[PDB]
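Asks: pasting the sequence and an experimental structure:
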Amino acid sequence: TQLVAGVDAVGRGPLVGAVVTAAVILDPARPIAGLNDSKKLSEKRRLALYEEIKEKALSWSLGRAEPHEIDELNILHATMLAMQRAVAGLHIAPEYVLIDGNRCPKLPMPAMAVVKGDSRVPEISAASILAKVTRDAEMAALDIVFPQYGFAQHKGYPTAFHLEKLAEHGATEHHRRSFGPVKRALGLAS
Amino acid sequence: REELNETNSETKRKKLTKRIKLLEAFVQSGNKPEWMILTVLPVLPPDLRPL
DNA sequence: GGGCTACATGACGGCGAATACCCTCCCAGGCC
């Protein structure tokens, strides 16, 4: 109950890029504040928090899937194996794991899921902040490499802007080819 | 100006163009941003505020 | 001889910035 670790997954469904997950472990032997959630604050609010929790947590974790692997088992299998990988990556084992939702993987430690943990669990909130900042960094890198799509603007989500860009230019190797629009761009739709 | 040429949100563009208009107004004028902070406070002539 | 301490609550519209809400598609695996 003292080494409770909570993991969260952000960017589960953006058309482009792989998913990213984290798992930060923190106990009450240091000061934490301003980490209620991540989907209601500003980007700035998320830039200090990323670093704040990075140095306040004893351990920090990461994990990501691949476009082929994701499309090979959808966003219900890959997403789970990604957080399994993230838990595997933790330097120190956690006697308690938390996963936003009502579904749990096959893990050797007693993991369990809680719904809407992003606004009640500071752990899951911090993990979501870390994983979201890493997503934003990856999308910035891709938009630098691919400036013709505007990844850094909409974060590769299913917006009308993204739909029109994928209809005009097409899909690259990074796009998840198992979704609809992307299949409609190259003609794989039945 | 360089991030306005890349943003794609209407309200973001509006805020950016307002800020750019303010910055260009300051650049063109001889005004300085720090002049808003009053260090010397002038007073009205006594005849304009008589007793 | 001489200076100092410097509460209402009974107002209607509109417009424009500040946020809070419903667009926007796109995933699935148990219920119809």
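Replies: In hand now; what should we look at? Numbering: from 1, shown residues only, chains lettered A, B, ... in the order given.
Asks: so which bits of chain B are right by chain A?
Replies: Those residues of chain B that sit near chain A, judged by Cβ under 8 Å from any Cβ of the partner chain, are B:6-9. For every residue, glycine as well, the C-beta is placed using N, CA and C.
Asks: how far away is the one residue sitting closest to the centre of chain B from residue B:12?
Replies: A centroid search over chain B (Cα atoms, centre = their mean) returns residue B:22, at 5.6 Å, as the residue closest to the centre. Distance, residue B:22 to residue B:12, using Cβ to Cβ, to the nearest Å: 16 Å.
Asks: for residue A:172, same thing?
Replies: Residue A:172 is 26 Å from residue B:12, by Cβ to Cβ.
Asks: between the residues of chain B next to chain A, which sits nearest chain A?
Replies: Chain A has its nearest neighbour among these in residue B:8, at 4.8 Å by Cβ to the nearest Cβ.
Asks: contacting residues for the closest one?
Replies: By Cβ atoms under 8 Å, 6 or more residues apart in numbering or on different chains, the contact set of residue B:8 is A:150, A:153-154, A:161.
Asks: next, it: phi, psi?
Replies: Main-chain dihedrals, residue B:8, degrees, to the nearest 10: phi -130, psi 30.
Asks: swap in residue A:87?
Replies: Dihedral pair for residue A:87: phi -60, psi -40, per degrees, to the nearest 10.
Asks: swap in residue A:4?
Replies: Dihedral angles of residue A:4 (phi, psi; degrees, to the nearest 10) stand at phi -70, psi 120.
Asks: beta partners for it?
Replies: In this entry, residue A:4 is beta-bridged to residue A:96, by DSSP bridges.
Asks: quick one on the thing from earlier: for the contacts of residue B:8, give me JSON lines that also has secondary structure and distance to chain B.
Replies: Putting the contacts of residue B:8 into JSON lines (DSSP: H, G, I helix; E, B strand; the rest coil; distance: Cβ to the nearest Cβ, whole Å) gives the following:
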{"residue": "A:150", "secondary structure": "coil", "distance to chain B": "6"}
{"residue": "A:153", "secondary structure": "helix", "distance to chain B": "5"}
{"residue": "A:154", "secondary structure": "helix", "distance to chain B": "7"}
{"residue": "A:161", "secondary structure": "helix", "distance to chain B": "6"}
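Asks: which among those residues gets closest to residue B:49?
Replies: Of all the contacts of residue B:8, residue A:153 has the smallest distance to residue B:49: 56.3 Å, by Cβ to Cβ.
Asks: spatially nearest residue to the closest one (excluding sequence neighbours)?
Replies: Nearest residue to residue A:153 in three dimensions, chain neighbours excluded: residue B:8, at 4.8 Å (Cβ to Cβ, 6 or more residues apart in numbering or on different chains).
Asks: ditto for residue A:103
Replies: Nearest residue to residue A:103 in three dimensions, chain neighbours excluded: residue A:113, at 5.7 Å (Cβ to Cβ, 6+ apart).
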